[PDB]
Each structure stands twice: as structure tokens, then as C-alpha cells.
Amino acid sequence: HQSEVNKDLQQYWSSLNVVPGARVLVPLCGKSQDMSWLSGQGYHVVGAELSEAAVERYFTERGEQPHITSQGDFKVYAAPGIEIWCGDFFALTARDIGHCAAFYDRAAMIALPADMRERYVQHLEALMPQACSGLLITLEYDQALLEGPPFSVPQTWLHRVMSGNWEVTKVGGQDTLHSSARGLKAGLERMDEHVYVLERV
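Per full-length UniProt numbering, numbering through the sequence shown is continuous, rising by one, with the last residue being 218.
This is the structure we're talking about:
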């Protein structure tokens, strides 16, 4: 129970104590522990898994069963248990689903450049809810072993751009390889994991 689910995540949340049943969005954050945590608490875990090969792995491991959709070059595999559509994320209106609650954001913009980053955060906060607690999970170390080289997006930058719709705050740190799942997924065995608490106002 809550073995390795972003100490910060389980922390902030543990404290936050969002509404029981609030809408929890999972923008290209779809991991397992994060969501498994939210659910374990009793929240509306609805997000997408920006991972094609992943969806495939799920279809091969399960052998079909859930709602598989073909979204262009991406897929959408939703389950009856959770509202996680493995594939791509860009047709669930994080705003409609968001509304009020929170959303776990996984290092995604760090995989892109600045310009794109600004367009990403903005695009998110744009399609974001009205009152939800968002938590971004970035990284630094990982870059030459982890899936996609993270630009260790600087909190300052986030507060420079990602500042204007959500209260982003510096959080997290390094020496947390066990915590970060992606670390055990890619195999960092030691990487700095950055975190930023963004309160979607």
C-alpha cells in the first residue's frame, strides 16, 4: 500500500485531502502507482497514457478486453475500473473531466523544447479544470538511458511561464530513485526527480 508513489504525491495529497471523489486527471502521466494511489483513496482517476507500445503491451498481456480505440496514430484503451486510455492524450477535455479536483502531470514537457513546453503548459492550463490541484513530476539526471531526454525544466521557467493559471511551487529532489517509478522502469538506479506543485485555479 503506497510502496513507491512519488513520496511528494502521497505526501502533498496526504495533506491536501482533496474532495472525496474529485476529478483526478492523468495527462500523459498514466503510470500505475500514482493512479493506483488516487483510486486507492477513492477518486475519479481519468487520464491517458501517451505510450503506444505500452497500449500494445496491455493488449498483449490482457489480450484485448477493454475499450480499444484508434485515434489516428495513437490508441485509446480505457478500462471499466479506471478511466485510463492507453495511447495518446488529446480528446478527453481535461477541463470537462477536470472541473474540480486535481491532476497528476508526469514529466512530459521536459521531453520537449521550451517553445513547445510553453505551448504545452499553456495548452494544459487551457484545457485544464477550474479548481484542481495539479502535481508535475519532472526529472534531471535521466537523459541517456531513460525514455526521452528530460530538459530538467527549471522550476523558475515553470514559474516564468507555467505561472498564470496554476500556482506552481518547487518541490521534490534527487536521491529518490526508488520513489520515481520511471526510474525503475528505464533503470536509472539513481536519478534526480524534480517536482512542482501547480494549483489549478
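Cβ atoms here follow ideal geometry from the backbone N, Cα and C, with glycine treated the same way.
Exercise. Tell me, which residues are paired with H84 by DSSP?
Worked result: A95
For this session: Output the residue ranges of the alpha helix (DSSP H) runs that lie fully inside the segment 110-182 and measure 4 residues or longer, sorted by chain position.
Result: 111-115, 131-144 and 172-177
Exercise. Between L42 and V63, what straight-line distance do the alpha-carbon atoms span, to the nearest angstrom?
Worked result: 5 Å
Exercise. Under a Cβ-count criterion, where at least 16 other Cβ atoms within 10 Å of its own Cβ denotes burial, should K92 be classed as buried or exposed?
Worked result: buried
Exercise. Considering only the beta carbon of each residue, do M179 and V212 sit closer than 9 Å?
Worked result: no
Problem set entry | Other residues of its chain near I99: CB distance less than 7 Å, five sequence neighbours each side excluded | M52, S56 and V62
Problem set entry | Proximity below 9 Å, CB of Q50 to CB of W30 | no
Exercise. Under the rule that 16 or more other beta-carbon atoms within 10 Å means buried, what is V185, buried or exposed?
Worked result: buried
Exercise. Looking at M145 and the ligand NAD, is the gap between the Cβ and the nearest heavy atom below 8 Å?
Worked result: This structure simply doesn't include the ligand NAD, nor any ligand for that matter.
For this session: Just the C-alpha distance for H140 and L26, rounded to the nearest angstrom, thanks.
Result: 23 Å
Exercise. Which residues mark the beginning and the end of the alpha helix (DSSP H) in which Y75 is found?
Worked result: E69 to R79
Exercise. Alpha carbon to alpha carbon, what distance is there between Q19 and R74?
Worked result: 24 Å
Exercise. Buried or exposed: which applies to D132, given that a residue is buried once 16 or more other Cβ atoms fall within 10 Å of its Cβ?
Worked result: exposed
Exercise. Cα separation between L162 and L205?
Worked result: 7 Å
Problem set entry | For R217, the residue or residues it bridges with in DSSP | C149 and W183
Exercise. Can you tell which of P37, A65 and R217 has its C-alpha closest to the C-alpha of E142?
Worked result: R217
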